[PDB]
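*Asks:*
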RNA sequence: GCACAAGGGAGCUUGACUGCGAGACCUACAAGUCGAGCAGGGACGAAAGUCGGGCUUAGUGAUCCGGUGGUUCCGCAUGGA
RNA sequence: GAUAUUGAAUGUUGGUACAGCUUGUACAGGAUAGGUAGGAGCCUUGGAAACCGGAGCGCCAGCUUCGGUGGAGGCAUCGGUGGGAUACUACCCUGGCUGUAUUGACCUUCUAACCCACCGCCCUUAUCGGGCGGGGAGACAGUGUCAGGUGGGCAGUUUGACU
RNA sequence: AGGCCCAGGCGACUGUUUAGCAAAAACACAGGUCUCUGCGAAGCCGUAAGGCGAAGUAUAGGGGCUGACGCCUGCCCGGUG
RNA sequence: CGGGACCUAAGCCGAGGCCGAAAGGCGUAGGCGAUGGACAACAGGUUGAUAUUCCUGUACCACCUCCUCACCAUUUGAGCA
RNA sequence: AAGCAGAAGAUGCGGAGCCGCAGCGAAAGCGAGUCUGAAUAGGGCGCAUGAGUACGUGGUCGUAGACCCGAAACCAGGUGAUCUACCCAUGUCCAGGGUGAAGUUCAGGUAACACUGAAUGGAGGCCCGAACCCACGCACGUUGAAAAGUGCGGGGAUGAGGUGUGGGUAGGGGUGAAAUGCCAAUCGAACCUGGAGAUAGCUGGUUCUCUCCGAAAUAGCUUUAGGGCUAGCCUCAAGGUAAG
RNA sequence: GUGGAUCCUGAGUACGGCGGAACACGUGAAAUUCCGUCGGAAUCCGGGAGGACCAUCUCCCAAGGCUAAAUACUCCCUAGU
RNA sequence: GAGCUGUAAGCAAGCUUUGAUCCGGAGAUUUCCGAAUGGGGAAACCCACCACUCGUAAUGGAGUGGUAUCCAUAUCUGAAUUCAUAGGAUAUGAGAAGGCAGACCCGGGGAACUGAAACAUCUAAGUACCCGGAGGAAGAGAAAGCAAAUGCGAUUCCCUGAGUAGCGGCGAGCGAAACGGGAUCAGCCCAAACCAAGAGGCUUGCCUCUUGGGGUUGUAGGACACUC
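Protein chains in written order, with full-length UniProt numbering: chain A, 1 to 149; chain B, 3 to 60.
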């Protein structure tokens with residue numbers, strides 16, 4: 001008979017991998033182990049409800065996130081840092097410094113892992129910092145640094 | 003000896019061989035002693051296979 | 001019983017046909033046998049006339065149930081099957 | 001022996017939903033021509049000619065293919081063939097292969113059900129059984145259906161008449 | 001309250017049997033032999049549970065044949081199991 | 001005294017329970033079941049019928065105080081089992 | 001007819017329904033014609049030579065037991081192990097005498113037990129023989145005293161033994177040292193009640209009188225030969241009527 | 001009473017293969033129904049029946065349930081034949 | 001309304017016009033066994049527990065009531081196993097076992113003799129018998145029916161159809177239906193869909209679970225909207 005799998009059959013099937021499972025063995029194994037549940041109207045409707053709920057939740061989470069994140073990321077942000085003779089910067093503003101800047105200036109609250117910068121800016125100028133806002137969408141951040149005192 | 007769910011029991015009938023002899027015969031029921039929660043608890047009583055498929059839970 | 005061939009041979013042929021059948025023998029019944037003659041096509045023979053198996057008597061057994069061919073037949077409402 | 005109780009695999013042989021493509025001459029012929037439409041053009045350093053190995057086919061005519069060296073030319077309407085012209089879209093299943101999921105069967109190992117006339121506890125002063133917990137096998141066996149073989153162990157009968 | 005002896009047949013012996021015709025050369029017997037059975041033995045009773053085997057475990061338990069003891073059980077596995 | 005207010009074997013009955021068209025069969029616990037086990041009376045007479053049952057003597061078994069008595073103990077506390 | 005009203009009735013209603021008047025052909029179908037057949041032919045079945053219907057008596061027939069008695073046997077449901085066969089639990093009985101095993105002790109004796117002889121020994125499905133049990137040879141009984149005995153002798157008589165009490169095996173079965181033996185005087189399949197008034201091609205019996213007539217023991221067939229059908233022979237009634 | 005935007009009208013069942021039974025019907029071409037196995041539908045734009053089966057037509061909505069009346073019998077009572 | 005205490009003679013003794021015997025209606029009592037029910041049981045027998053009562057100085061003894069099993073409700077417990085269950089204890093229960101009449105009826109088993117001149121299909125016959133249930137009747141019953149016409153409209157039973165169709169070693173034998181005419185006369189509820197309330201599951205905004213409102217049909221009906 002038909003069942004709504006709760007875990008892996010040949011791979012995690014929590015999504016409700018409807019199949020035909022040898023009613024005898026199906027009942028015995030799935031019920032003794034909870035591997036699945038009967039595929040009746042009630043359970044099917046409950047699964048559909050939970051699935052659409054989570055789908056819309058994720059859709060909203062991604063939509064709300066991408067839009068304003070990109071829009072604001074299209075802004076300009078600047079800071080100050082001392083520099084020496086010959087353009088040899090005394091330090092380097094890593095991702096942590098940029099995170100602190102965006103947290104204290106504009107209150108963007110982006111993770112230090114989602115926003116990464118390995119090159120370790122050492123120049124006294126402007127630069128665009130890409131961000132991993134979305135696995136399929138990204139935006140740049142116009143960071144700036146200038147001499148101080 | 004009968005299915006608890008439906009009135010399935012041992013019936014009787016003839017056994018007509020070649021020449022149409024009329025030896026008497028019995029007809030059993032394909033019932034098994036599986037665990038079912040007919041009442042508030044399981045009891046492990048007899049139940050017919052035809053009724054077991056897509057019917058009461060074991 | 002057949003020498004007037006029913007016996008021997010030579011030619012053409014398939015009447016070793018189809019529907020029948022007045023009237024008779026035998027028989028408890030079933031059944032069996034002879035049959036002039038009518039019609040449709042024919043064969044032989046110029047014609048007449050013969051041919052509905054062997055010169056005559058044994059060479060075969062029913063009903064039911066099955067199979068094949070033909071049917072102005074019937075065909076569980078109607079038309080088919 | 002088949003089926004329900006009674007399924008999971010590892011490989012395995014057909015068919016499905018996705019996919020991979022190739023087989024084609026009676027002769028005429030430069031040849032290997034199946035046609036019906038679009039057809040005056042196509043591939044060329046994302047490389048000609050030639051060269052060689054392997055895969056395939058075959059009406060043993062030969063073709064194609066792919067692996068690559070060598071490298072600037074090859075192909076085509078048009079000249080002739082004959083029933084029908086060669087560059088791109090397709091089919092007719094004539095012809096062989098590999099991958100994913102089901103699909104059903106064959107032969108392999110596991111365990112879930114089924115058993116317990118194996119035990120420990122409780123029900124319970126109980127050598128019945130029945131719930132729990134371990135072990136043993138285990139899709140077996142037992143059980144209900146259908147079929148085949150054997151079956152005087154058993155049952156109902158028959159075994160003629162004249163003389 | 002025993003008749004005995006000589007000689008042979010049958011059965012090793014004691015025992016059991018056709019109440020109500022036959023007490024025996026018949027039956028059984030201890031012995032031998034073949035065969036089945038690895039334990040939920042096999043066989044048996046019963047439609048099934050449940051029981052005999054057996055509070056047994058291949059020197060133990062069932063089935064057939066022959067019947068102590070001395071010598072031997074010879075050939076044929078074509079036919080049927 | 002023979003048996004019942006004492007026990008138990010074979011065997012039967014048998015809550016629950018296991019089986020099985022029905023009826024019903026099997027069986028746990030439990031209980032029945034002597035033909036067994038344990039148990040306190042014996043000696044002389046009496047009438048026409050009864051008598052180790054009646055009469056006359058000596059006795060025994062189980063149990064309770066209205067009393068009787070001596071013992072211990074009333075919480076390493078007598079006593080019962 | 002059922003049915004309705006009606007004294008359990010007669011009667012009235014009730015034409016639902018059945019038979020005949022038209023038959024032939026399997027059927028379509030046709031019609032005093034129809035079927036067969038190619039066919040106005042021939043032949044088969046009918047009219048043209050119309051009389052049936054509903055009751056009552058009587059004869060006969062078929063179904064019910066069907067003329068009366070008679071089986072052996074079969075099936076179903078029940079009763080029986082108080083007789084007998086076996087088994088289980090628990091008790092009880094076997095008067096007396098003889099034999100003498102194994103073993104044990106001693107003596108002899110061998111290097112050593114082997115071996116021999118004496119003393120105790122009381123084993124035996126042992127012997128003789130009472131009670132008890134079984135009946136094997138002969139007589140009487142066989143309308144007996146007795147629906148299986150008595151009289152004399154006979155075998156066993158401490159292990160397969162006899163026996164009391166209680167219990168189990170119930171018939172398509174049980175039991176059986178095994179004879180077709182026992183299972184309540186019955187057993188090659190116990191007894192009681194039902195199917196059941198089983199069936200009988202078999203035997204026996206079948207009740208008042210007179211009168212008219214008057215046979216057969218033959219052919220065919222037959223799972224049939226002592227049975228049954230047809231025909232042959234008999235009788236009764238109506239016709240042809242003078243055919244024999 | 002009016003509309004067919006949309007929803008319902010009795011599922012492991014109607015049926016089918018296998019082995020039987022009863023319907024007058026004996027597996028015969030065998031409808032219809034009940035049975036024990038396995039397979040298993042539509043559900044109104046639908047389904048069942050009209051003696052195999054198919055199309056048209058005709059009739060009706062199963063797999064839910066109840067229902068007195070005319071009908072059979074007399075052990076017994078009252079009265080009478 | 002004047003003989004009666006039986007059959008049944010009596011011998012004896014008593015009741016009755018304040019009204020007997022007798023007849024009918026409704027009641028009281030009803031030893032023991034028996035489904036038998038506290039346990040056992042060789043039917044009419046024996047042995048107990050708990051309460052109340054009689055009596056002894058106590059036991060001993062005696063009178064009344066309750067004390068079987070299954071099943072329904074409820075309450076307290078509730079082991080393996082932690083909750084929980086199986087199970088155990090308690091109160092309510094004109095609940096229930098049994099035959100009956102040797103009959104009628106619904107269903108489950110289920111023969112043989114017999115007939116076919118044997119006999120196996122068949123008949124005997126779903127007969128006898130056995131089993132389980134109730135009723136005065138039971139079963140069936142309002143068309144997923146008959147039927148083929150300007151068509152009837154729940155079942156049941158009677159006469160016809162009819163010993164016709166048909167079944168059958170196509171034998172023996174078995175055996176209808178509908179139309180038609182009669183006896184009676186009654187049609188109804190549930191599920192499904194939708195709606196009100198609540199409960200649990202969170203099927204997390206959806207699901208089923210329970211009472212109620214609802215509607216029941218083939219010219220299709222109902223829900224839904226509306227007219228009533």
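Even for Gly, the Cβ is constructed at its ideal location relative to N, Cα and C.
Could you give the residue range of the beta strand (DSSP E) that holds residue 17 of chain B?
*Replies:* Unbroken beta strand (DSSP E) run through residue 17 of chain B: 13–18.
*Asks:* For my contact list, residue 18 of chain A and residue 33 of chain A are in at a C-beta cut-off of 8 Å; report their separation, rounded to the angstrom.
*Replies:* Not quite, the Cβ-Cβ distance comes to about 18 Å (not below 8 Å), so this is no contact.
*Asks:* At 4 residues or longer, what runs of the alpha helix (DSSP H) sit wholly inside the stretch 44–118 of chain A?
*Replies:* List check, alpha helix (DSSP H) in window: 95–104.
*Asks:* Hey, could you find the ends of the alpha helix (DSSP H) residue 51 of chain B is sitting in?
*Replies:* Run containing residue 51 of chain B: 51–54, per the alpha helix (DSSP H) assignment.
*Asks:* If you follow the beta strand (DSSP E) that residue 37 of chain B is part of, which residue opens it and which one closes it?
*Replies:* Premise fails: residue 37 of chain B is in no beta strand (DSSP E) and is neither H nor E.
*Asks:* Hey, residue 14 of chain B and residue 3 of chain B: beta-carbon distance below 9 Å or not?
*Replies:* Not in contact: residue 14 of chain B and residue 3 of chain B (Cβ atoms no closer than 9 Å).
*Asks:* Taking the beta strand (DSSP E) that residue 127 of chain A falls in, what are its first and last residues?
*Replies:* That run of the beta strand (DSSP E) goes 126–131.
*Asks:* Exposed or buried, what is residue 26 of chain A when buried is set at 16 or more other beta-carbons lying within 10 Å of its beta-carbon?
*Replies:* Under this definition residue 26 of chain A is a buried residue.
*Asks:* Inspect the CB distances between the stretch 56–76 of chain A and the stretch 117–125 of chain A and report whether three or more fall short of 8 Å.
*Replies:* No contact exists between the stretch 56–76 of chain A and the stretch 117–125 of chain A.
*Asks:* Give every residue of the same chain whose Cβ lies closer than 8 Å to the Cβ of residue 84 of chain A, excluding the five residues on either side of it in the sequence, and list them in chain order.
*Replies:* The answer, listed in chain order, is 90.
*Asks:* Which partner residues of residue 4 of chain A appear in the DSSP bridge assignment?
*Replies:* DSSP output for residue 4 of chain A lists A:37 as bridge partner(s).
*Asks:* Using beta carbons (cut-off 9 Å, strictly below), is residue 59 of chain B in contact with chain A?
*Replies:* Output row for residue 59 of chain B: interface = yes.
*Asks:* Any chance the stretch 53–60 of chain B sits against the stretch 24–39 of chain B, with 3 or more Cβ pairs inside 8 Å?
*Replies:* These segments touch.
*Asks:* Would you check if the stretch 91–105 of chain A and the stretch 5–24 of chain B touch, i.e. whether three or more CB-CB distances between them fall below 8 Å?
*Replies:* Taking 8 Å as the limit for Cβ pairs, the verdict is that the stretch 91–105 of chain A does not touch the stretch 5–24 of chain B.
*Asks:* When burial is assigned at 16 or more other CB atoms within 10 Å of the CB, is residue 50 of chain B buried or exposed?
*Replies:* With 16 or more Cβ atoms within 10 Å of its Cβ, residue 50 of chain B is classed as buried.
*Asks:* Quick one, which residues of the stretch 16–46 of chain A are near chain B if we go by CB-CB under 7 Å, in chain order?
*Replies:* If the cut-off is 7 Å between Cβ atoms, the stretch 16–46 of chain A has 23, 27 near chain B.
*Asks:* Consider the Cβ of residue 55 of chain B: report whether some Cβ of chain A lies at a distance smaller than 9 Å.
*Replies:* Cβ-Cβ to chain A under 9 Å: yes for residue 55 of chain B.
*Asks:* Is it right to say residue 68 of chain A is buried, meaning 16 or more other beta carbons lie within 10 angstroms of its own, or is it exposed?
*Replies:* Exposed, since its Cβ has fewer than 16 Cβ neighbours within 10 Å.
*Asks:* Classify residue 9 of chain A as buried or exposed, calling it buried when 16 or more other Cβ atoms lie within 10 Å of its own Cβ.
*Replies:* Exposed, since its Cβ has fewer than 16 Cβ neighbours within 10 Å.
*Asks:* Do you know how far the Cα of residue 29 of chain B is from the Cα of residue 16 of chain B?
*Replies:* The straight-line gap from Cα to Cα measures roughly 10 Å.
*Asks:* According to DSSP, is residue 27 of chain A helix, strand or coil?
*Replies:* Residue state, collapsed to three classes: helix.
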